[PDB]
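A.B. asks: Okay, here's the structure, questions in a sec.
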Amino acid sequence: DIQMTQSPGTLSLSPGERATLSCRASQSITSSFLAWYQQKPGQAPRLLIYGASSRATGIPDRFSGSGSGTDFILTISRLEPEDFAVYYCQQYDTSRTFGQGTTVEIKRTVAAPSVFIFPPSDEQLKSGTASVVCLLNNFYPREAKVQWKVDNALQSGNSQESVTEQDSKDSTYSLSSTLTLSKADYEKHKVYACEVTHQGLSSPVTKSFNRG
Amino acid sequence: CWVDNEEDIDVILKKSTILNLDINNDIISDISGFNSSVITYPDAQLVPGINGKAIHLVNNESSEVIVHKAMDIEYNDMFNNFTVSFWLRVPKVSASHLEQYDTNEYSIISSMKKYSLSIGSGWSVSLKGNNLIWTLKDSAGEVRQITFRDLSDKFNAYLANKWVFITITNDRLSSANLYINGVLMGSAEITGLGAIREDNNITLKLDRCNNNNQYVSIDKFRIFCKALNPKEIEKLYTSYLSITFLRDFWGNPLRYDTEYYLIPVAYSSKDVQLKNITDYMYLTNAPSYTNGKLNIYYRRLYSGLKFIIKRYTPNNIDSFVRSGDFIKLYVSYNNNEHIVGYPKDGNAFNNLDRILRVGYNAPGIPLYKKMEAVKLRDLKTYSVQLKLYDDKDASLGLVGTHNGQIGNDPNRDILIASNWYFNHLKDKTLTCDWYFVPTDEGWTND
Amino acid sequence: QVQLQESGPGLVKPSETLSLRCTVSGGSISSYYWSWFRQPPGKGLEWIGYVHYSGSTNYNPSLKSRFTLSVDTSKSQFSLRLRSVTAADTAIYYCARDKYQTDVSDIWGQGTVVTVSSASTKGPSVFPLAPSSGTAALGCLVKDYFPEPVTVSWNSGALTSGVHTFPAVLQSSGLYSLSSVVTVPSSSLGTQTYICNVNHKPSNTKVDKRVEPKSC
C-alpha cells in the first residue's frame, strides 16, 4: 500500500513564474507509474502527465514531469492564468492512490481582513437557538484563524466556518464563522467576542458586543 | 471403499478411490491401498506426463498394461455408482487417417472381456475418429453410450494432442456424464441397464485399432466407488494442477535448449514475426487448414518465429524449466540464435512499454536480457509469462504486446515488456500470456 | 468526441444501496477499461475500481469489497453499486475511461453528486445580519435547510458588487446553513433598502428578507 505526500500544500505565484510541485511516495515506484492531474473548482480532473514524464494528448508543453524512485516533480515552466488550480499526483503501480493535492493560487500583496460581528437576530432567539456570525472580509493570504470568546472563555466544538474562492478581480479571500448556542446558553453570558489573527494584523483584532 | 458423503471433499476423493495408478521409479503400480496387481508388458512405454511420467500405448500386442483387480474388490457390481478419471493425450488425427479410419471404433481402456466373436459385459473407453466414446454393457447385452463429438477447431479441441483430464460418472439411477477438464461435455441416460459383470482385469491397450501408427498416452488412471458431483470433479481436476513446472502447449514440461514457436494466448490465430535483425517483433495472421468434408479445421502450427530458452546462469540440474527460473530468451533465425532483450534507453512507447529487440548489438549500450519464466495466472491453461529485469533487479514488465506504429511501418501488435499487467493479473484475458509450441509427432499440418 | 455522463439518485438514505450509471456517447464500451472515482466534499480523489467488457473487475483494496462494478455493452453503459451507504459515502462520483494499456484515466464525466442522509426536505429560515457602525457590512443567515442547494442574491438583480455568498456547512443536526453578506457605503444605510432574495427549489421556498439597521 503506497501513500503519496505532496508539497508544498499551497503555492502562491504570479502568472509567468515557474511552479515546482513535489510528490513523495512511501515506497520506490520503480515502474515510474506516477501521474499528475489538474482540477479546477466544480470540474472533473484532467490528466496532465503519466509515466512520470509523458505529456497527455493535448497538454501544453509548459507542463513537464520528472523524477524517479520515491521523488517526483511536476513543473509548470511559466504559469498562465488558467493554471491556478489544484494538482494531484497519482501512483498506479500498486492499485491506484492519490496525494492530497497542492493548490496553486495567485500571489498578491498582504491585505488585512475587515472584521465584522453580528449578534443573533430577534426572530432567531424566538426559535430557541442563537447564531453569532463573524465576517472576515477581503484578506490575503488565505491563512487566518478565528477564536470565539464568551466571557473571555475560549470556545470549542460549537462553531463552523467556510471560505470563498479567491476573488477573480482582487485575489482576496473572505471568511465567515458562525458560533451557535442554545437560547438558554446564550442568555447565560454578556460578552461575545471574535478574535482574528492574520499576517496583516500586527496585533489580533477583536470585535465584540454585549448582549443587550 | 465406502464413505459418508457429507464429508470434506478432499476426504471424499481420497477414500472413495478404489484404484489409482501411479508411476514411481519407472514402475506402474496401484497406490490406492487396495493393492491391485499391475502387469506392464514389454512395449508399454513411459513418456512425460502431468506429474512425472505417463503410460504410452502403441498399436501392437505387446503394448499393454493390465490391472488384476485385487481379490475381491467390487465397484460396479449391481447398481453401484462409479466414476473413472484419467488424463488423456490423443494425437491429432491426420486428414488421411480420418477418412480411412473414421469408422474404426477401438477401445483404449476396458473391463470387457474381448473374445474374437463378441465383447461381453463391462465398460470401455474407446475412440472412433474424433469421437470419444463411453460404453456400458450389461450381462443381458443391453448397451448405453456417451458419444463425445469433439469440436472441429483442432487448435482448441480436446482430442488433438494436448493432455486433457477425463472424468466419467455413472449414476445407475439416472445418467452417465462425461467431463473434460471439469466441464460437462456429454451425457446419456442409463436407467434401463441391468447387471454389469465385468472381467477381473482392466486392460489399457489399443484394441481393434486398424491404424498401425495410432498411439495414446494415459496418466493417473483412477476409479471411485461413487458418482462424483461437479464440485468434487472440479476439486479433483485442480488437485492435479501446479505451478512448479512450466508447460508447453501440449501440457508437457517446458524444457531448456528446445525450439518453441510462440503464440499469444489472447490472439491464438496470430504468429510472431521479426521485422529485422536488431529490430522488433510483431504479430501476423497465421495460415489455416480447412476440410469441411472431414469436419476439421485449424490454424496451422510451426509458422512464425522459433524461440529457445537458455539458463541465465548455466549452473551445469536437469533440462526442465521451473517457475521462477532466470532465463535468456533467444530467437532462432537464419540458423543462428539471437538474444531477445531491451537496450538501455531503447525505443519505447509513451506509456513506457519497452519495445523488445532481437540480436541488438550496439557496443557500449547495455542490453537488458535477464528474464524470469513464471506462471502467474490461469492454472488450467498451458501458458507461461515472462518477466524482464534491468541490471538493478527492477522489473521492466511482463512480455506482451502493444498495438502501435513505429516509423512508417504498418500499424502492428508489437512485442513489448510492460508493468501494466501487474495491476491486472486476475483479468480474464491478457496479452502477457504465451503458448510455447514445440514440433510434435502428434500434430502435423495437413 | 467520446462523452461520459453519470446518472444516479441525488439523495440516498443510510443503509440503502446506491446505484449509479455512466452512459458513453460518441463511442462505445469497446475493449477499454472503465473506472469509477469519488471525491467527498473538500477531500480529494479516490479510485474505486475498474470494469471491462469481458466482465473483469478490480477494486481499491481499502474499500473492503463494498462496491460492485458492472457493464452492459448493448446500452454502452457501465455501472456502480455500493451497499449499505453511510454519511461518509457522500461525495461526487466520477466515471472515466482508462488510457490504453495504462492505469491512468484520460476521459472523464462531469460527476454526479450523491448525498446520503436521513434528513427530510426542509426549507430554510432566513435571519438578518443587521449592519452597524465609511463602509458597512450586512447580510442574511440562511439556516437549517435540506438538501443543497440554495441560491442567494440581493435587491432583485440590482446589487452584485461587494457580495460574498459563502459555501454552505453541514450542521450536526443534518441540515445546512450558509451566510450571504454584502459591504456597502455606510451613508446608504438610511435610504437604500436591502433585500436578500433566497431560493430553495427542493422545497419550493422563496424568501425575500429586508435587512434593516437595528435600533436601540
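A.B. asks: For the range B:316-382 and the range C:37-106, what is the centre-to-centre distance using only Cα atoms, to the nearest Å?
C.D. replies: 36 Å
A.B. asks: A further question follows. Stick to Cα atoms and the Kirkwood definition of Rh, then tell me Rg/Rh for the range A:149-190. Display every interim value, and only then the final one.
C.D. replies: On the way: Rg = 14.9 Å, Rh = 12.6 Å.
That ratio equals 1.18.
A.B. asks: A further question on this structure: Run the numbers on the range C:1-115 and let me know its relative contact order in percent, using alpha-carbon pairs under 8 Å that are six or more apart. Walk me through the intermediate numbers first.
C.D. replies: Values: 279 pairs, mean separation 39.7, N = 115.
Across the range C:1-115, relative contact order equals 35 percent.
A.B. asks: What Kirkwood radius, in Å to one decimal, follows from the Cα pairs of the range A:1-55? Mind showing how you got there, number by number?
C.D. replies: On the way: mean 1/r = 0.0762 Å⁻¹.
About 13.1 Å, per the Kirkwood formula over Cα pairs.
A.B. asks: Still on this model: Using only the Cα atoms of the range A:4-106, what do you get for the radius of gyration and for Dmax, in Å?
C.D. replies: Over the range A:4-106's Cα set, Rg and Dmax evaluate to 12.5, 36 Å.
A.B. asks: Follow-up. For a label point 7 Å from the Cα of A:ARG62 along Cα→C-beta, name the residues of the range A:71-97 whose backbone N is under 18 Å from it.
C.D. replies: What the label zone holds, given the 18 Å backbone N cut-off, is A:74-88.
A.B. asks: With each label point set 7 Å from Cα along the Cα-Cβ vector, what nm distance links A:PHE209 and C:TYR100?
C.D. replies: That separation, rounded to one decimal, is 6.6 nm.
A.B. asks: Starting from the exponent 0.38 and prefactor 2.2 Å, build the expected Rg for the range B:296-446 from its residue count and divide its actual Cα Rg by it. Before the final figure, lay out each step's value.
C.D. replies: On the way: Rg = 16.2 Å, N = 151, 2.2 N^0.38 = 14.8 Å.
Normalised Rg, Cα atoms only: 1.10.
A.B. asks: With bins 10 Å wide starting at 0, give me the P(r) of the range B:98-201 over every alpha carbon pair, in whole percents.
C.D. replies: 15, 44, 32, 9, 0
A.B. asks: Let me ask something else. Write down the radius of gyration of the protein assembly as shown and its Dmax, each obtained from C-alpha positions, in Å.
C.D. replies: Calculated on Cα positions, Rg and Dmax stand at 38.1, 126 Å.
A.B. asks: Run the numbers on the range A:4-106 and let me know its relative contact order in percent, using alpha-carbon pairs under 8 Å that are six or more apart. Walk me through the numbers on the way to the answer.
C.D. replies: Values: 254 pairs, mean separation 39.0, N = 103.
The normalised contact order for the range A:4-106 reaches 38 percent.
A.B. asks: Let me ask you something else. Computed over the Cα atoms, what is the radius of gyration of the range A:114-210 divided by 2.2 N^0.38 Å, N being its residue count? Working shown, then result.
C.D. replies: Details: Rg = 14.1 Å, N = 97, 2.2 N^0.38 = 12.5 Å.
Expressed relative to 2.2 N^0.38 Å, the Cα Rg reads 1.12.
A.B. asks: A follow-up question, please. How large is the convex hull of the Cα atoms of the range B:269-320 per residue, expressed in Å³ as a whole number? Could the numbers behind the result be given before it?
C.D. replies: Values: hull volume 6.3 nm³, N = 52.
Once divided by residue count, the hull of the range B:269-320 is 122 Å³.
A.B. asks: Can you put A:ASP167, C:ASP208 in order of Cβ neighbours within 10 angstrom, beginning with the fewest?
C.D. replies: Numbers: A:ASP167 15, C:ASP208 12.
Result, fewest neighbours first: C:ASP208, A:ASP167.
A.B. asks: Cα convex hull of chain A: mean projected area in nm², to one decimal?
C.D. replies: On the way: hull surface 60.4 nm².
About 15.1 nm², averaged over all directions.
A.B. asks: Could you list A:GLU123, B:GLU234, B:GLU198 in order of exposure, starting from the residue whose Cβ has the fewest other Cβ atoms within 10 Å?
C.D. replies: Numbers: A:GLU123 12, B:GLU234 17, B:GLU198 22.
Lowest count first: A:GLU123, B:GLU234, B:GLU198.
A.B. asks: Hey, another quick one. Applying 1/(1 + (r/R0)^6) with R0 = 22 Å to the Cβ-Cβ distance of A:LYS145 and C:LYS13, what FRET efficiency is obtained, to the nearest 0.05? Spell out each step's value before the answer.
C.D. replies: On the way: r = 37 Å, r/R0 = 1.68.
Calculated value: 0.05.
A.B. asks: Take every Cα-Cα distance within chain B, group them into 10 Å bins from 0 onward, and report for each bin the whole-number percent of pairs it holds.
C.D. replies: In order of increasing distance, the bins hold 4, 19, 27, 22, 15, 9, 3, 0, 0 percent.
A.B. asks: Right, something else. So if we plug the beta-carbon distance of B:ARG197 and B:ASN51 into 1/(1 + (r/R0)^6) with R0 = 30 Å, what FRET efficiency do we get, rounded to 0.05?
C.D. replies: Numbers: r = 34 Å, r/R0 = 1.13.
Rounded to the nearest 0.05, the efficiency is 0.30.
A.B. asks: So what's the convex hull volume per residue for the Cα atoms of the range A:33-72, in Å³? Walk me through the intermediate numbers first.
C.D. replies: Working: hull volume 3.2 nm³, N = 40.
Spread over its residues, the Cα hull of the range A:33-72 gives 80 Å³ apiece.
A.B. asks: Which percent of Cα pairs goes in each bin when the distances of the range A:113-155 are cut into 10 angstrom slices starting at zero?
C.D. replies: 22, 43, 29, 6
A.B. asks: B:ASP318 to B:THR429: FRET efficiency via 1/(1 + (r/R0)^6), r the Cβ-Cβ distance, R0 25 Å, to the nearest 0.05? Before the final figure, lay out each step's value.
C.D. replies: Numbers: r = 33 Å, r/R0 = 1.31.
The calculated FRET efficiency here is 0.15.
A.B. asks: Counting C-alpha atoms alone, how compact is the range B:203-279: give Rg to one decimal and Dmax as a whole number, in angstrom.
C.D. replies: Over the range B:203-279's Cα set, Rg and Dmax evaluate to 19.5, 61 Å.
A.B. asks: Further question: Determine the equivalent ellipsoid of the range C:125-211 by diagonalising the alpha-carbon gyration tensor, then write out the semi-axes as square roots of 5 times the eigenvalues, largest first, rounded to whole Å. Numbers along the way, then the final one.
C.D. replies: On the way: eigenvalues 117, 35, 20 Å².
Largest first, the range C:125-211 gives 24, 13, 10 Å.
A.B. asks: Let me ask something else. Can you pull the three principal axis extents for the Cα set of chain C, in Å, largest first?
C.D. replies: 74, 37, 29
A.B. asks: For the range B:176-216, report the % of Cα-Cα distances exceeding 13 Å. Show your work: numbers first, answer last.
C.D. replies: Details: 605 of 820 pairs.
Summing the P(r) of the range B:176-216 above 13 Å gives 74 percent of all pairs.
A.B. asks: Could you tell me the relative contact order of chain A? Use alpha-carbon pairs under 8 Å, at least six residues apart, and round to a whole percent.
C.D. replies: Numbers: 497 pairs, mean separation 38.3, N = 212.
The value is 18 percent.
A.B. asks: If you don't mind, there's one more thing I want to ask. Please report the spacing between the Cα centers of the range B:276-303 and the range B:1-59 in Å, no decimals.
C.D. replies: 38 Å
A.B. asks: Further, regarding this structure: Two decimals, Cα atoms only, Kirkwood Rh: what is Rg/Rh over the range B:9-240? Could you put the intermediate results ahead of the total?
C.D. replies: Values: Rg = 16.5 Å, Rh = 17.8 Å.
Here Rg/Rh amounts to 0.93.
A.B. asks: Now for a different question. If the convex hull of the alpha-carbon atoms of the range B:1-71 is projected onto planes in all directions, what is the mean projected area in square nanometres? Display every interim value, and only then the final one.
C.D. replies: Values: hull surface 23.7 nm².
For the range B:1-71, the mean projected area of the Cα convex hull comes to 5.9 nm².
A.B. asks: With only alpha-carbon atoms in the gyration tensor, what are the semi-axes of the equivalent ellipsoid for the range B:30-111, in Å, largest first? Each step should come with its number before you reach the end.
C.D. replies: Numbers: eigenvalues 151, 65, 36 Å².
Semi-axis lengths for the range B:30-111 are 27, 18, 13 Å.
Every residue, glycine among them, receives a Cβ derived from its backbone with ideal geometry; neighbour counts consider all protein chains shown. Throughout, read-outs are computed from the coordinates displayed, never taken from laboratory work.
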